[PDB]
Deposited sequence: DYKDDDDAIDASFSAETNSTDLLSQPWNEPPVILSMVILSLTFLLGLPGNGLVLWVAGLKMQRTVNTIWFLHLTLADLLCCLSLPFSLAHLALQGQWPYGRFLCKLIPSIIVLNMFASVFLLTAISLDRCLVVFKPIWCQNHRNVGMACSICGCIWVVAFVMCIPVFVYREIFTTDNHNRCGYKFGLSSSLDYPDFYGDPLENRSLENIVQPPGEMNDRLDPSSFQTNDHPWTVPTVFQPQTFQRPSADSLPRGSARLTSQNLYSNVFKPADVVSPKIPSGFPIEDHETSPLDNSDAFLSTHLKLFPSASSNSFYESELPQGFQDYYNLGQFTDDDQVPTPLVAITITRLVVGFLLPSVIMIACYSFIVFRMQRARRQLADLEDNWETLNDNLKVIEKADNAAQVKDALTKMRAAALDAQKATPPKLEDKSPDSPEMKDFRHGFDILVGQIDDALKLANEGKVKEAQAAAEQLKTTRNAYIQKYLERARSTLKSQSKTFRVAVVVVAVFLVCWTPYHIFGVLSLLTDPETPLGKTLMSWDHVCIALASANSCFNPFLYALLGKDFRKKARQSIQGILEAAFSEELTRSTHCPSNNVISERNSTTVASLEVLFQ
């Protein structure tokens, strides 16, 4: 019975902390940035969460007075929460799919990457959510007990569609993304190692006397340069041409040192710095910058997805347990009591969502950086 008071305080806290931040995010993202295929999805998700939190007061009013005013509210208010759940799940799986498909072939990257396509797909998402929602409105009546055979079927259908299939799709997509991301790292690591050995060999060769250490350092440099050139477009051709020039200069230095000349070998070795800086530095800088960008986004998506699933799982666990377990048992007496807190958490998810955007990213300077 105290759990009922826990439910009402949870609902009240969500209502008080959900309207301001969500409306703030909606306004900031709506009237500051410029329409792109990426931020429209987060705008739709925030709008759905705001619509969910806008119908909270009535649930609290019902829960405070055990509704002696109209049958319409008992049939409408439970529908909005389910519509919120369906729209949020579908938008999250669309976001995941798009993020995993960006790194695919350019066929889908250049095909129809336009804002109109995003608007149309969001329209289809909302339509499907509404069609899936209508059953809940239809199968609900006042006996003032507000509850529901079709019960055994509706719960299974909802569990299958809104929680099982999209979960598998997102898990597979993010597993593929992380497996592909862990691969690029090794290649960058190897290229950095080759650059490092080239660098310190070129450093030692300057201070090295006699023609034997010069040949040894040049041999190590040549091996490193060949290995780096093997690692892998106009920039690609440019990269390979730069390494070909570098290997040519290394050969010139080696042939000069073979004939027992030191100072000329030193000058030939010093000559490689200009070509190195003019050719490979820009590619190295791009390869560093062309990495963090992805992380600042993959983590932002993964945290949102995981938090959503964690907040919504008790709802379906308790739904299944109420479906299988028979009533008229002392278990049901507390099962009904705990159903309220489960639903309260499932509805409270909307307060958790808008804080992660600020935590993981001026109001604009943070929100716009998060929505990238």
Quick one: where does the model skip the deposited sequence?
1-28, 95-96, 174-178, 184-339, 424-433, 563-571, 583-613
